[PDB]
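Each value in this text was obtained by applying a stated rule to the coordinates, not by laboratory testing. Counting neighbours? That spans all protein chains shown, and the Cβs are built from the backbone with ideal geometry, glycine included.
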Amino acid sequence: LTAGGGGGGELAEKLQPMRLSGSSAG
Amino acid sequence: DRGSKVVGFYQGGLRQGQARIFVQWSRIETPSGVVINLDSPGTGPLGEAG
Amino acid sequence: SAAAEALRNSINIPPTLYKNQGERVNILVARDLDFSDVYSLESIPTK
Amino acid sequence: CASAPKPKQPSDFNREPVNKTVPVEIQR
């Protein structure tokens, strides 16, 4: 039917960069 | 030579009873471009620490 | 003490800030804003 | 005891017309 160096701990920690990613207008 | 620029840093502030801060000098630049990484204690005029 | 009991419970109430309307303010841009996709330039012919 | 200040209320004395000349957006 159906088919299928390490030092400067405090100062160099204060100098860690803050890098904010840019934006593109829409 | 003379006029070389030395760069250092400090951190941690002072405790009570301390009147000297530990400075570490990191690099020095000769007026002709030489650069050597001396990581040395900074002292006073007569070699007293900090 | 009842006075200390009242103070301990109601002492820590943070303040409230009231800024009016029409005030002048700034925005300090924190990132590079790119307007290349939405504008373009052309020269206006003389006369 | 202390309440939030109100913004400046303008004085109601020097009342003058806004429109000294008809705008061009009206096309006149």
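Observations on the model:
- Residue selected from chain D under the condition within 12 Å of chain C (Cβ to nearest Cβ) and of a type in the set (A, V, I, L, M), by the criterion surrounded by the most Cβ atoms within 10 Å (Cβ to Cβ): D:4
- The set of residues from chain B being within 14 Å of chain A (Cβ to nearest Cβ) and over 19 Å from residue A:9 (Cβ atoms) comprises just one member, B:38.
- Tally of residues being basic (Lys, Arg) and more than 16 Å from residue A:19 (Cα to Cα) across the stretch C:20-35: 1
- Residue under evaluation residue C:31, criteria (1) more than 14 Å from chain A (Cβ to nearest Cβ); (2) in a loop (DSSP other than H, G, I, E, B); (3) surrounded by 10 or more Cβ atoms within 10 Å (Cβ to Cβ), criterion not met: (1)
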